[PDB]
Amino acid sequence: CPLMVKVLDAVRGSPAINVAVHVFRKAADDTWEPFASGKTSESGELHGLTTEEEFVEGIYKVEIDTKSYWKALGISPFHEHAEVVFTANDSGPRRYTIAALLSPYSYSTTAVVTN
Amino acid sequence: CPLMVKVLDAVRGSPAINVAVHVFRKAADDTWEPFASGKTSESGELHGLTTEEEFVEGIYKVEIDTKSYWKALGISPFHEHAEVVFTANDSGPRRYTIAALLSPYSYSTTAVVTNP
Amino acid sequence: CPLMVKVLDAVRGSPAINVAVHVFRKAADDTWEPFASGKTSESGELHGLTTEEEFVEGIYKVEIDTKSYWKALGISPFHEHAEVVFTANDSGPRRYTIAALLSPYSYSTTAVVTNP
Amino acid sequence: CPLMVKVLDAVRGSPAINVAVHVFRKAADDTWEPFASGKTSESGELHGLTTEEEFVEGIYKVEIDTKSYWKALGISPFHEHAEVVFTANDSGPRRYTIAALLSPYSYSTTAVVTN
Ligand SMILES: O=C(O)[C@H]1O[C@@H](Oc2cc(O)c3c(=O)c(-c4ccc(O)cc4)coc3c2)[C@H](O)[C@@H](O)[C@@H]1O
Ligand SMILES: O=C(O)[C@H]1O[C@@H](Oc2cc(O)c3c(=O)c(-c4ccc(O)cc4)coc3c2)[C@H](O)[C@@H](O)[C@@H]1O
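Shown next, in the form of structure tokens:
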């Protein structure tokens with residue numbers, strides 16, 4: 010699994026479950042092409058997005074549909090979505106974990122890049 | 010000043026100075042139209058991006074050019090930029106502060122929204 | 010103003026108003042001696058805690074009473090308080106801003122340290 | 010495992026390995042009594058701190074020795090340590106994960122409380 014997404018809810022102190030996540034790759038003409046998507050599990054994780062073969066060097070965008078998540082909880086949030094944009098680079102370690110911590114008017118994201 | 014951006018550096022414990030910021034607005038055709046840009050000051054603040062008149066209802070994207078910041082400091086960071094996308098002024102005019110706290114492999118952004 | 014505290018609320022997108030803050034200094038006997046206290050303003054800021062003369066070198070603990078804040082708002086949060094423990098002024102006087110961003114089950118704190 | 014600690018490094022984008030963690034319980038006389046301790050693993054996690062039998066309701070303090078961590082990397086940090094103080098409560102879910110994200114002048118902590 011070269012790319013994993015983990016989402017946490019800072020209001021409830023829980024995984025953020027059933028959050029839609031869309032991954033895009035930047036194409037030559039500077040547009041964003043769909044690449045992978047899924048919904049977080051009961052543990053707030055989304056595995057199996059891509060394969061080592063498919064996940065080549067490039068710029069990627071991970072879009073997390075935070076607005077739907079909060080609205081389903083009856084909370085009006087600030088952001089349309091959370092967006093994580095990064096270059097995948099073969100130099101560094103093999104596995105990318107993109108973590109996000111959600112509040113209604115804030116989010117934090119960190120990358121854990123390991124072998 | 011209805012839109013302000015403040016950026017801190019979690020490695021140095023300082024304002025993040027000279028951080029480029031580009032703001033876009035979603036147009037009728039659903040493309041991102043350039044709206045305003047600037048750079049943070051010595052206090053890590055960026056004022057004067059827009060006016061109450063021009064900051065109409067819409068979906069805005071605040072791009073904070075974190076890679077250019079870390080690279081200008083000779084550090085290789087993870088993200089290309091921090092993106093903050095939100096609907097503004099859809100219940101009337103508000104004042105928005107977008108705050109961001111930067112590390113090379115992490116950032117945190119929050120909004121402070123007040124009613125004038 | 011050598012020690013200031015600023016607190017934001019990540020649920021409301023607002024300053025965190027009326028947050029109690031207690032500051033302690035580690036004494037010669039290694040106990041925490043009360044040093045200064047106050048409450049954040051309508052801007053989420055707390056000024057006037059101490060003076061340059063009284064803010065000598067030492068290990069300080071800034072306790073931000075987050076539970077009392079969330080409970081005063083009728084919310085049941087996770088933490089008792091946010092604690093920020095640091096050595097101050099050991100290379101000469103500095104100005105410290107302790108910022109904190111609060112959610113019911115999470116907080117983030119950063120320091121901005123400047124040289125007057 | 011009713012109490013797990015996970016520590017991440019926001020400068021390197023990695024688990025924070027070999028970080029000392031001390032857990033204390035608040036005793037009747039308002040002092041902090043040692044309760045459990047350990048060092049984070051290669052995955053930045055510290056398991057096996059306590060047992061369900063031992064982890065009763067009460068106020069606990071998790072002290073993470075961030076200062077030593079940064080100094081071992083040649084970085085001068087701000088905090089003496091990171092401190093997480095909370096009440097354990099039998100009402101809510103069973104398992105506490107205390108997560109911390111470390112930078113030299115900042116840290117963030119969130120609780121993930123699950124069944
Ligand atoms: O000029 C003003 O009137 C006020 O501006 C504030 O600037 C900031 C600036 C900030 O930049 C932050 C932050 O950045 C965060 C923060 C902390 C952790 C995170 O994970 C995310 C955000 C909290 O409070 C803040 C305050 C000053 O602290 C305050 O003294 C001053 O009077
Ligand atoms: O089971 C899995 O497959 C994987 O679950 C993930 O667990 C977590 C769990 C977490 O709990 C966090 C966090 O909580 C923080 C965090 C803290 C404060 C912030 O402001 C932002 C992020 C970031 O990464 C994380 C990762 C890990 O990637 C991995 O150890 C585990 O095998």
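Residue numbers (the entry's author numbering), protein chains in the order written: chain B, 10 to 124; chain A, 10 to 125; chain A', 10 to 125; chain B', 10 to 124. A prime marks a further copy of an entry chain. Think of the CB as a built atom: it goes at the ideal place given N, C-alpha and C, for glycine as much as any other residue.
Consult DSSP for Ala37 of chain B and reduce its assignment to one of helix, strand or coil. coil
Give, in chain order, every residue of the region 60 to 72 of chain B' whose Cβ lies closer than 8 Å to some Cβ of chain A'. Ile68
Inter-residue spacing [alpha-carbon to alpha-carbon] between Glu42 of chain B' and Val71 of chain B': 12 Å
Would you please verify whether the beta carbon of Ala25 of chain B' is less than 8 Å from any beta carbon of chain A'? no
Taking Cβ-Cβ distances shorter than 9 Å, what residues in chain B' pair up with residue 126 of chain B? Lying before the first or after the last residue shown, residue 126 of chain B is absent from chain B, which here runs from 10 to 124.
DSSP three-state call for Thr60 of chain B: helix, strand or coil? coil
Any contact of the region 23 to 31 of chain A' with the region 92 to 101 of chain A, i.e. 3+ C-beta pairs under 8 Å? no
Partners in chain A' for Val94 of chain B', counting only beta-carbon separations shorter than 7 Å: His88, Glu89, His90 and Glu92
Residue-level contact to chain A' via CB, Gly101 of chain A, 8 Å cutoff: no
Give me the residue from A':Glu66, A':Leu111 and A':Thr118 with the minimum Cα distance to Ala37 of chain A'. A':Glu66
Among A:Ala91, A:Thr75 and A:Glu92, nearest to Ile84 of chain A - alpha-carbon criterion: A:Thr75
Going by alpha carbons, who is nearest to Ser77 of chain A out of A:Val14, A:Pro125, A:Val30 and A:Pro11? A:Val30
How about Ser115 of chain B': is its C-beta nearer than 8 Å to some C-beta of chain A'? yes
How should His88 of chain B be labelled, buried or exposed, when 16 other C-beta atoms within 10 angstroms of its C-beta is the threshold for buried? buried
Just the chain A side, please: which residues come within less than 8 Å of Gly22 of chain B' by C-beta, in chain order? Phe87, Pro113, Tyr114 and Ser115
Is DSSP giving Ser46 of chain A helix, strand or coil here? strand
Residue nearest to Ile73 of chain A in terms of C-alpha spacing, selected from A:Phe64, A:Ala45, A:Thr59 and A:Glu61: A:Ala45
How far does the alpha helix (DSSP H) with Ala25 of chain B in it extend, from its first residue to its last? Per DSSP, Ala25 of chain B belongs to no alpha helix (DSSP H) and is neither H nor E.
Given a cut-off of 8 Å on the beta-carbon distance, is the pair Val93 of chain A' and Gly53 of chain A' in contact? no
For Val93 of chain B', which residues does DSSP report across the bridge? A':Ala91 and B':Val71
Can you determine whether any heavy atom of ligand 1 sits closer than 7 Å to the C-beta of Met13 of chain A', and answer yes or no? yes
Measuring CB to CB, does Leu12 of chain B end up less than 8 Å from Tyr105 of chain B? yes
One or two residues paired with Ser85 of chain B in a DSSP bridge: In the DSSP output, where bridge partners are listed per residue, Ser85 of chain B has none listed.
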